[PDB]
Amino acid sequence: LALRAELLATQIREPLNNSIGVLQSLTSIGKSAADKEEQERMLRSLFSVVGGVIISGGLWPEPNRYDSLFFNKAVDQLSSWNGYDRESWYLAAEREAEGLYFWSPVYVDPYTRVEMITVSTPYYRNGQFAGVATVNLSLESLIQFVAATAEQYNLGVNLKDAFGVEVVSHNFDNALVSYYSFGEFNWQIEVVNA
């Protein structure tokens, strides 16, 4: 249960760290001093990754009016938002040190209509704040992945955000439990044998 929970956290940190990887690619594109055209070309490619936990995401430059490059995977570039400058995820990252990542709570996107978590980071150009990159992670994609991984280790699992919020619950009585906090983000798993 101990080592088995450690190997589960390892296998669950893969899509999360790869969410950071994509987000770092978004930041580089925002810092690239690129015209909107080429940017659309590259952002469609980056999201063209097959499957995964990411459902949508894009770039959100400082207003002044609005020029957000948002994309969703159903890939179709979205139109609305153009404001996003007053959105929780936007503000948490506005004019923050480049390289910091902010995980939002679980919420329902009004536009795309998906239960998700929004990780946000700022990108800079010429030592000036330029915008915010975001990556939206589908809760259903994260749930099926964690459920299939734990069940393959013959375990029940309860993963929680740093918010201590029940993100997923799978097969979780006199029983032993293992609490494993992992990652720069303060997520934890509660694991039993199933």
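The first residue of the shown sequence is 1; numbering continues from there.
According to the PDB entry, the deposited sequence runs on from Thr112 to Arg113 with no residue lacking coordinates between them. Annotation for 56-64 versus 124-132: the higher mean temperature factor (C-alpha) is found in 56-64. Between the stretches 159-167 and 144-152, it is 159-167 that shows the larger average CA temperature factor. Annotation for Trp103, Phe71, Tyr107, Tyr90: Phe71 ranks highest, by Cα B-factor. When the Cα B-factors of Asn186, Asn17, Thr10, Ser25 are read from the PDB record, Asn186 comes out highest. When the CA B factors of the chain's modelled residues are split into thirds, the value for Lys31 lands in the lowest one. Among all modelled residues in this chain, the alpha-carbon of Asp85 has a temperature factor (C-alpha) in the middle third.
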